[PDB]
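Chemist: sequence, then structure. It's an experimental one.
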Amino acid sequence: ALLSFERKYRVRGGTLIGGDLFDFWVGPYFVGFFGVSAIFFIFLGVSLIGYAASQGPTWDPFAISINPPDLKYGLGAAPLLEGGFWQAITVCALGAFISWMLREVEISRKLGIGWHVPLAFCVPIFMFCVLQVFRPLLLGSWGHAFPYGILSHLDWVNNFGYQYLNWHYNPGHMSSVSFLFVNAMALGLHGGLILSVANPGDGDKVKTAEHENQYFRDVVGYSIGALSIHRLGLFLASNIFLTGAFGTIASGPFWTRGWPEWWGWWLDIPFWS
Amino acid sequence: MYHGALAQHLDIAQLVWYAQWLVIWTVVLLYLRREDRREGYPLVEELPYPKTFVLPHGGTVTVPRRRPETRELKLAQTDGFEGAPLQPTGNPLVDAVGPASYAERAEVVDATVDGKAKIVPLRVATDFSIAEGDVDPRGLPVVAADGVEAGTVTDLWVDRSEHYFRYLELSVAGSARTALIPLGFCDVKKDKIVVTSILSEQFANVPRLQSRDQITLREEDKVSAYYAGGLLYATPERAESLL
Amino acid sequence: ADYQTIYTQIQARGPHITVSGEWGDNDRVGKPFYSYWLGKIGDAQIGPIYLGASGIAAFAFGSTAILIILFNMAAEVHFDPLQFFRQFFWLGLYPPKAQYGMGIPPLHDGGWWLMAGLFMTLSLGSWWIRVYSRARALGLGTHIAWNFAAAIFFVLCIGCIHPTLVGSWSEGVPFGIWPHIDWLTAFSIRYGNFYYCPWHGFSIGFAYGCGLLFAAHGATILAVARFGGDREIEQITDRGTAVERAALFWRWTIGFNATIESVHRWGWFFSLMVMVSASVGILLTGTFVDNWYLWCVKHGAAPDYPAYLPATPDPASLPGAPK
Amino acid sequence: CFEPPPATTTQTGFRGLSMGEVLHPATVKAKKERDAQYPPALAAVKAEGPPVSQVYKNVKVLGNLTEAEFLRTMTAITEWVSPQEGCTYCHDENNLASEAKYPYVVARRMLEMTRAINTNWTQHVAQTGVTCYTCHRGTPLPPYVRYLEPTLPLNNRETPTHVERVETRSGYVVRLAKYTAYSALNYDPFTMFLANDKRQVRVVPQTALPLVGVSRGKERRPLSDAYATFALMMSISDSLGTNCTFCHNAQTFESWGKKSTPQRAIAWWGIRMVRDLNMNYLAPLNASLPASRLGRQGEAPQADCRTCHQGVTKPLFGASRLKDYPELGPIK
Ligand code: BCL
Ligand code: BCL
Ligand code: BCL
Ligand SMILES: C/C=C1/c2cc3[nH]c4c(c3C)C(=O)[C@H](C(=O)OC)c4c3nc(cc4[nH]c(cc(n2)[C@@H]1C)c(C(C)=O)c4C)[C@@H](C)[C@@H]3CCC(=O)OC/C=C(\C)CCC[C@H](C)CCC[C@H](C)CCCC(C)C
Ligand SMILES: CC(C)=CCC/C(C)=C/CC/C(C)=C/CC/C(C)=C/CC/C(C)=C/CC/C(C)=C/CC/C(C)=C/CC1=C(C)C(=O)c2ccccc2C1=O
Ligand code: HEC
Ligand code: HEC
Ligand code: HEC
Ligand SMILES: CC(C)=CCC/C(C)=C/C=C\C(C)=C\C=C\C(C)=C\C=C/C=C(C)/C=C/C=C(\C)CC/C=C(\C)CCCC(C)C
C-alpha cells in the first residue's frame, strides 16, 4: 500500500480547513476537505452528463455533445434540454477544478514543499474561465461558450477562428502558439539532456552537472542552469495561456473584423502608405 | 478506384490508427510505467530487473537501494485504520519525521567533475566570491520566526560545479557552534537574513557536520529537512488548520 | 516562500570550467563575459561557443538559404527599402503555382523556392551532426539528437516527402511570415479539415501534453528546490528527500508517480511524439486520404447537428442551373 | 488598434457551433446613413396617352411608356447617374434624339443591363432588385469598380497615394492585400473568378479517398487553386461586410444541406450574375467608353460584389424601388 519511503511522511497536518476531520488517506490518495468536495462535484458533474446524454440521439463517444443555450437566452437560465444541462455541468467543472487545486495546496503543506504546482494549475483553470465565463459575459450570452463533446468542441474552435477570417493573424494567438512550440522543444531538450547524462551508453560512467553545462555551451554558447531550466519551463508553459487569453478575449468584445486587418495599425501609417 | 483502399470497407489510414494506439499503450504501460517503479518498490504494509550505474568517481550503484541499516521511527499511529495518519512521539525536528524527514543518502562528500569537494565554504573556495552588487551576508544578523536574533552569518557555502551558493553558515548565538541553513530558507536583506521556518531557540538543534569544511550528501539532507520540518512544527499552530 | 525559485538572491563568481571532449577542445572560441541581470534568472556566463566543421557548414548552407529568400523578398517590393521594411510580413518565396508535377520548376515560378529548400535541408543536416557529435565527444547519450531528428523529419515531410508522394512541388510550404501561415489554411481546406485528421489530434494532445508536463515538472522541482531537487543526476543515482517528496506529492494527488529519471523519459517521449504523430498524418494526407472529414464520415465518427437556419440544397445540383 | 464594446452578434448555426455575424454598431451606423441617401421614388404620373415609340424619334428600349411615364424615368436616371451635370450629360442640348455623346449609347445598354438583372437574375436580387443608383450612387463613375489588375483605393472617389497608384510597382502586394481583407494571399480573385467563367471556385474533393486518374502528378490541380479560392472568399467576406459563418459551417466548407446557409446559395447565383454582367454587358463597353475610362490593358471598368453591396450583406440594407419603376424590371 505504501511506497518503501512513504511511512515517515504520513503525518497529520497541513490542512486549510477541516482539521483532523478529513485528514486521511484512501489508498494512495490523500483526502482532505477539498478531496470530499472534489468527489462531490465530480459525481454531480458526471451524473448530469449521463442524464443529459441519455436524452440525446447517440451513445457514441465521438458523437455525444452537450451544448450551451441559444444566444437569445443571454446570461439567463435556460431549459434543461436547451442549454440548462450545460450551465450546471459548467458549475460542477469549476467546483471540481478549484477543489483539486486547493487539495494540492493541502498536500504541499503536509509535505513541507512550496505551492508551485497548485499555483501553476491556476493557469489552465483561468483559461477555461476566459473561454466559458469572461468572454461570454463581455459578449452578453452563455451561448458563445464551447460545447462539451469530444468532436463537437473542435467544431466550435474551428468556426470561432473563421469568424475572424484568419485566426492565425490574431496577435495573442501568435504569442500563444510560439509558447506552445518553444515549451515542447525545451522539454525535449531538457529531458534528453538529463537522460544523456545518466545513460552515457555501453558501460561508461554517469556524467556530471559540469557536463550538462558544457554540452549546451558547446552547442549554442549558453547554458541556463539546472534549477533555472525548471523556472524557465514553468514560465514558457504558463505563457501559452497567459498570453493566449488576450487574443481570445479580444475577439468580439474588442475586435469584430478579421485578424489580418488588425495589422493596419502598422501597414497604414501615413508616411509609408 | 481509390488510393489506400483494401478488402472489405477497409483502408490503410484505418489500419495505422490501430497500430498507433498499440504502440502508444505498449510504450506507456510496458516501459514507461516500469521505469516509474525503479524507486519506492516493492511497496509495504511488474518490477523491472535492476539498473546499475557506473559512478563518475569510482564504484557503482544499483537502484533501488538496499541499505545495510534502517532507522527506528519515533512515530505513533493515531488509529487502527489502514490509512490513518501517524503522530510524532517526541520532537519531530530532531527525530526527523514528517516534513522533517531526511533520506539515507550516501555519507560521502558530493564531488566536482575533477574530484574535489563540491559544496564548500568560501574560506576553502578562495577563488570564489559574491557578484558585484549583491549583498555580502557575512557579518549580518540572522533573525528567526519569533523576531529574535538567532546568530550572525560567518560564511557562504558554494557549489563549485554549478557556481551557485546553496547554504549560509551562521554562528548560533549562545551555543558555541555554527549551523548551516539552505539559502532557500533565507530572505536576504541589506542588514539582515530573515528566517521564518524556525524559532531562534530551534537553531541549537540543527544537525551538525562531522567535518567543519566539508559536507556529505546525507548531512545536506539532514540540514535541509530540519528547517522544512519547522514549516509544520516550529509552533503548535502550524500543524493545525489554517482556517 | 522560497525566494531562490523566483531569482538568485546572491550570485557566485568563479574560474570558468572547461570539460575536455574527445576532440574539438581547440575549436571553442570566445572570451566568456558575465551579465548581472541574466545571472538573476540563469547562469551569468555567456560564451564561449564551439565552432567545428558541421556548425560552420550549417551557417554557410543556412545563410545561403536565407540570402536567397531575402533577395527574392526584396525583388517583390522592387528593391524599395521603405516598402521592404513596411511590407516584410507579407513578402515571401513561393513554390510553383503552375502544375509541372515533379519537374524542377522555373526560377520565377518555384525554382528559387526549391533551391532555398535544398540549402535549408543541408543546413539542418549539418546542425544535426553537431548536436549528435557534441554528445559523443563529451561521452553523453544521443537523446537530444534523436528528438531533433524527428523534428527535422517532420520538416522534410511537409517540405518534400508529401510533395513527392502526391507528385507536385506546388504542395510545399512557402518561405515568409504570413505566406507560410497562409499555407496552413490552404492545406487544411484541400484535405478536408485537419481537425478530422486523427494524427493531428494525437500531435495536439502531445503538444498540449508537453505544456502540462513542463508546468508540472518545472513547478515540482521549484517546489523541492529547498532540498536541492534541481541536482537531478545525483538524485537519480542517490535518491534524496527532494525526489521522495516530489514522488509522494504526485502519488497522493493522482494515485501513482514517476521517478526523477523517468519523468524525463515521459517528457522526452511526449516531445518526440508531437513530431512522430505529425509526420505520419502528413504522410497519409493526399497519399491515402483526400478528405479527413469525409474519411471520418465514412467511418461514422463525425458529429452532426440539427438545422438552425433551413437546409440549403447545393444550387449546382438544381435542374437547369448554369455550370 | 481596437474597437470598443458592445458588439452586435447574430446566430447562423446550431447553438454551440459559434456560427454568426460579429458587427460593430458604429460601422453599421455609418453605412446605414450613407445608404439612406437613396433618393425616394418619384411620384406616380398619368397612365394614359400614346406610347413614346410613336411620340419620340429614337426610343428603342422604353418605347411602350407614355410620355409622362417616360420623362419620369429620364428624371430618375438623371438623379441616379448624373444629377450635377443634368440631362446634358447624355444629351445634345439641341437634339435629344442624337447619340453624339458617349454616355447616351452606354446608358441605353445600361437600361438593358438593369432590366436583365431584375428579370433574369431574381434568384439573386429577388424582389429587392437594382436601379442605376445601386452601383452609381449619384455619380457617372460608380465608386466601386475593378480593372484587370488590383487598384487602390477600393473607392475611386478617394485620392490615391503614390504607392497606391497602379504604376508604382513596389505597392503591388498591398493592392493585392487590401482586396483580400489584408491577407498575403498572392492571387487576384477578381480576374481569376469574377471577370469570366473560366475557373472553378470549388477545390475540395467530394470523396473520402483519392480517386485514381485525378490524384497524381499532372493529373492534379495545383494547391495554388486552394489559395486562390480562399482569396476570393476573403474578398467576398469583406465586400459583404461579413464572415464565413454567414454562409458556411466551417466543419465542412464543401458541403451543402444543413452545412450551408440560404445565403450561400444566393451568393452562388450572385457569382453567375456577376459573370454575365461582366462578360456580356460591361467588358464590351470598352468600344464605347473614352480612353480615359479604360484600364492599362484597354479594359472598361467592371463589377464585383462590392460594386452593389459596398460592405453590407444586402445592398442599401435591402432598400427597393422595384414597384416604383416597373420599366426597370421584371419585364413581361
Ligand atoms: C481555424 C481555427 C484556428 C484556431 C482557433 C483557435 C481559437 C478560437 C482559440 C485558439 C487558441 C489556441 N490555439 Mg488555435 N487555431 C488555429 C490554429 C492553431 C495552430 C496551428 C499549428 O495552426 C496551433 C499550434 C494553435 C494553438 C492554439 C493554442 C496554443 C491556443 C490555446 C488553446 C487553449 O486555449 O486550450 C485550452 C485548454 C483548456 C482550457 C484545458 C483546461 C484543463 C482543465 C484545467 C483540467 C480539466 C480536467 C479534466 C476534465 C480531467 C479529466 C479526468 C481524467 C482522469 C484525466 N492553434 C486555426 C487557425 N485557437 C485559444 C487561444 O488562446 O487564442 C489566442 C483560443 O481561444
Ligand atoms: C480554445 C481551444 C479549445 C480546445 C481545442 C482542441 C483541439 C484543436 C484538439 C483538442 C483535443 C483535445 N481536447 Mg480540447 N480544447 C479546448 C478545451 C478542452 C477541455 C476543457 C476542460 O476546457 C478538455 C477536457 C479538452 C480535452 C481534449 C481532449 C479530448 C483532446 C486531447 C487533449 C490532451 O491530450 O491534452 C493534454 C492532456 C493529457 C495528455 C492528459 C490526458 C487528458 C485526457 C485525454 C482528457 C480526456 C477528457 C475527456 C473528454 C473526458 C471528459 C470528462 C468526462 C466527464 C469523463 N479540451 C478549448 C476550448 N482540443 C485534441 C483532440 O484529439 O480532440 C478530440 C485536439 O486535436
Ligand atoms: C486552418 C489551419 C489548421 C491547421 C493546419 C495544420 C497543418 C497543415 C499542419 C498542422 C500541424 C499541427 N497543428 Mg494545426 N491547424 C489548425 C488548428 C490547430 C490547433 C487548434 C487549437 O485549433 C492546434 C493546437 C494545432 C496544432 C498543430 C500542431 C500540434 C501540429 C504540428 C505542427 C508543429 O508542431 O510544428 C512546429 C514545429 C516545427 C515546424 C518543427 C521545426 C523544427 C526544425 C528543426 C527547426 C529548424 C529551425 C531553423 C533554424 C530554421 C532555418 C530556416 C532558414 C531558412 C535556413 N493546430 C487549423 C485547423 N496544422 C502539423 C500536423 O500535425 O499535421 C498532421 C501540420 O503539418
Ligand atoms: C498552461 C497550463 C497547462 C496545464 C497545466 C497543468 N495541468 C494540471 C496541473 C498543471 C500544473 C495539475 O496540477 C493537474 C494534475 O493533476 O496533473 C496530472 C493538471 C491536470 N490537467 C489535466 C488535463 C488537461 N490539462 C490541459 C492543459 C494544460 N494543463 C495546459 C497546457 C488540457 C487540455 C490542453 O485540454 C487537459 C485535457 C488533468 C489530467 C489534470 C486535472 C485533474 C483534475 O483537475 O481533477 C478534477 C476534475 C475531474 C476529475 C473531472 C471533472 C468532471 C467535470 C465536472 C465534467 C466534465 C465537463 C468538461 C468541461 C467536459 C469537456 C469535454 C470536451 C472538452 C471533450
Ligand atoms: C476512490 C475515491 C472516490 C477516492 C477519494 C479521494 C480522491 C480525491 C481521489 C482522486 C480520484 C481521482 C479523481 C483520480 C484521477 C486522477 C487523475 C486526474 C489521473 C490522470 C492521470 C494523467 C492523465 C496524468 C497526466 C500527466 C502524465 C502523462 C503523467 C505521467 C508522468 C508522471 C507520473 C508525472 C508526475 C511527476 C512529475 C511531474 C515530477 O516532476 C516528479 C518528480 C519526482 C518524482 C516523481 C515525479 C512525478 O511522478
Ligand atoms: C444617361 C445617363 C441619360 C440621362 C442623364 C438622361 N438621358 Fe434621356 N435618354 C438616355 C438614353 C440612353 C435614351 C435612349 C433610350 C431609349 O429608350 O431608346 C434617352 C432618351 C430620351 C428621350 C427620348 C428622345 C427620342 O429618342 O426621341 C428623351 C425625350 C429624353 N431622353 C429626355 C431626357 C431628359 C429631359 C433628361 C433630363 C432631364 C434626360 N433625358 C437625361 C440617356 C439619358
Ligand atoms: C452595376 C451593377 C451597375 C448598374 C446596375 C448600372 N451601372 Fe452604369 N455603369 C456601371 C459601371 C461599372 C460602369 C463603367 C464605369 C464608367 O463610369 O464608365 C458604368 C458606366 C455607365 C455610364 C458611362 C459613364 C461614364 O463614364 O461617362 C453611364 C452613363 C451609365 N453607366 C448609366 C447607367 C444607368 C442609366 C443605369 C441604370 C438605368 C446603370 N448605369 C446601371 C455599373 C452599373
Ligand atoms: C456567402 C455569403 C459566402 C461567404 C461569406 C463565404 N463564402 Fe465560401 N463559398 C461560398 C460559395 C457560394 C462557394 C461555392 C462557389 C461555387 O462556385 O460553387 C464557396 C466556396 C468556398 C470554398 C470551396 C468549397 C469547395 O467545395 O471547394 C471554401 C473552402 C470556402 N468557400 C471557404 C470560405 C471561407 C474560409 C470564408 C470566410 C473567410 C468564406 N468561404 C466566405 C459562399 C460564401
Ligand atoms: C538576422 C537574423 C539573425 C536571421 C534572419 C532570419 C530571416 C529574416 C529569415 C528570412 C525571412 C523569414 C523570417 C522567413 C521565414 C520563413 C519561414 C518561417 C518558413 C517556414 C517553413 C518553410 C519550410 C518548411 C520549407 C521547407 C522546404 C523543404 C523541406 C525543401 C526540401 C527540398 C529538397 C529535399 C530538394 C531536393 C530535390 C532536388 C531535385 C532539388
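Modeler: Sure thing, it's come through. Numbering: from 1, shown residues only, chains lettered A, B, ... in the order given. Ligands and ions are numbered 1, 2, ... in the order given.

Chemist: going by C-alpha atoms from here, please, whenever you check contacts or count neighbours.
Modeler: Will do.

Chemist: quick check: residue A:260 touching residue A:170?
Modeler: Yes - applying CA atoms under 8 Å, one finds residue A:260 in contact with residue A:170, separated by 7.2 Å.

Chemist: between those two, which is the more surrounded one?
Modeler: Counting neighbours by other CA atoms under 10 Å in any protein chain shown for residue A:260 and for residue A:170 shows that residue A:170 has the greater number, 25 against 22.

Chemist: can you tell me how far the residue of chain B most remote from its centre is from residue D:214?
Modeler: Of all residues in chain B, the one whose C-alpha sits farthest from the chain's mean C-alpha position, using CA atoms, centre = their mean, is residue B:1 at 64.5 Å. The span separating residue B:1 from residue D:214 equals 11 Å under the rule CA to CA, to the nearest Å.

Chemist: measure residue C:161 to residue C:287 for me?
Modeler: As it turns out, when the distance is counted by CA to CA, residue C:161 lies 11 Å from residue C:287.

Chemist: ugh, wrong one, I meant residue A:152
Modeler: Separation of residue A:152 from residue C:287 (CA to CA): 27 Å.

Chemist: how about the nearest residue to the residue farthest from the centre of chain B, chain neighbours excluded?
Modeler: For residue B:1, ignoring the flanking residues on the chain, the nearest one in space by CA to CA, 6 or more residues apart in numbering or on different chains is residue D:212 at 5.4 Å.

Chemist: ok, residue B:155 next?
Modeler: In space, not counting the residues next to it along the chain, residue B:155 is nearest to residue B:169; the distance is 5.1 Å by CA to CA, 6+ apart.

Chemist: over to the one you found: give its phi and psi.
Modeler: phi -110, psi 130 (degrees, to the nearest 10).

Chemist: so it bridges to which residues?
Modeler: Here residue B:169 shows beta-bridge partners residue B:155, residue B:180, assigned using DSSP bridges.

Chemist: ok, it - contacts?
Modeler: Applying CA atoms under 8 Å, 6 or more residues apart in numbering or on different chains, one finds that residue B:169 lies in contact with B:153, B:154, B:155, B:156, B:157, B:178, B:179, B:180, B:181.

Chemist: compare the residues you listed and tell me which is most surrounded.
Modeler: Top of these by neighbour number is residue B:156, holding 28 neighbours under the definition other CA under 10 Å.

Chemist: in this structure that one contacts residue B:164, no?
Modeler: No - at 10.3 Å, residue B:156 does not count as touching residue B:164 under the criterion of CA under 8 Å.

Chemist: circling back to that earlier point, just the contacts of residue B:169 now: which is nearest chain A?
Modeler: residue B:181 (15.7 Å; CA to the nearest CA).

Chemist: now the closest one: how far from ligand 4?
Modeler: Taking CA to the nearest ligand atom, to the nearest Å as the measure, residue B:181 falls 29 Å from ligand 4.

Chemist: I'd like to know how far that residue sits from residue C:132.
Modeler: Relative to residue C:132, residue B:181 is positioned 41 Å away (criterion: CA to CA).

Chemist: same deal with residue B:225?
Modeler: Relative to residue C:132, residue B:225 is positioned 40 Å away (CA to CA).

Chemist: more neighbours, those two?
Modeler: In terms of neighbours (other CA under 10 Å), residue B:225 is the more surrounded of residue B:225 and residue C:132; the figures are 29 against 20.

Chemist: contacts only, for the more buried one.
Modeler: Applying CA under 8 Å, 6+ apart, the residues contacting residue B:225 are B:96, B:99, B:100, B:101, B:102, C:227, C:241.

Chemist: farthest-separated two in those?
Modeler: When the contacts of residue B:225 are compared pair by pair using CA to CA, the farthest-apart members prove to be B:96 and C:227, with a separation of 14.4 Å.

Chemist: the more surrounded of those two?
Modeler: The neighbour comparison of residue B:96 against residue C:227 (other CA under 10 Å) goes to residue C:227, with 27 against 22.
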